[PDB]
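In the form deposited in one PDB entry, a lone chain appears below as structure tokens.
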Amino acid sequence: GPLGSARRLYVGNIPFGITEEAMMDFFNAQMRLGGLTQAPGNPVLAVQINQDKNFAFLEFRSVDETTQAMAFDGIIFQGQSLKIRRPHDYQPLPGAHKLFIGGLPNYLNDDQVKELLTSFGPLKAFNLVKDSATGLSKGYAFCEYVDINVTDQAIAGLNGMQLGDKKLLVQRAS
């Protein structure tokens, strides 16, 4: 962005031969029936389809209704489970999904600690807190994943788990 792409969503695995009007009608009906609309009228203003590569982009009338519609990921439309995602060019603001990692062995270096974390996916930020005078690790760190959906996967996979004779704490830093 930083503020771009806030009112559009990517839709994959669309049904073969479906029209832009039919897709618009389906999504507007689901928004109403699902209770995700925040005002009278239709949230989806327009749909654009790429036939050759079988995907669509929805254009919404507001920022908050776009976010709500991410909940339809996997909905079945004419036999097809839809893939609903943010636009490539969409990015949350810096530090929005920062993680605190505590209970790490203090003899492990930066690259050795990153190896545990990057097993869930690539990182866009990382720092292991060290004593500045001696350069020695204080046993806690902070990180942020490139894909924000990985954040909850890392928490579920690492929080409360055994690492040596310590139990790790992995949680959102704020």
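In case it trips you up, residue 1 is the first one in the sequence shown, and so on.
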Stretch with the greater mean C-alpha B-factor as recorded in the entry, comparing 101-109 against 60-68: 101-109
Could you check the entry and say whether 144-152 or 31-39 has the higher mean CA B-factor? 144-152
Classify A133 as lowest, middle or highest third according to the C-alpha B-factor given in the PDB entry, relative to its own chain. highest
State the tercile, meaning the lowest, middle or highest third, of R8 with respect to the CA B-factors recorded for its chain. lowest
Quick check on the deposited entry: does the C-alpha B-factor of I84 sit in the lowest, middle or highest third of its chain? lowest
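Here the subject shifts to the form deposited in another entry, a form of this protein not shown in this document.
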Since the Cα-Cα distance for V150 and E59 shifts by 3 angstroms or more in the other entry, is it a contraction (closer) or an expansion (farther)? farther
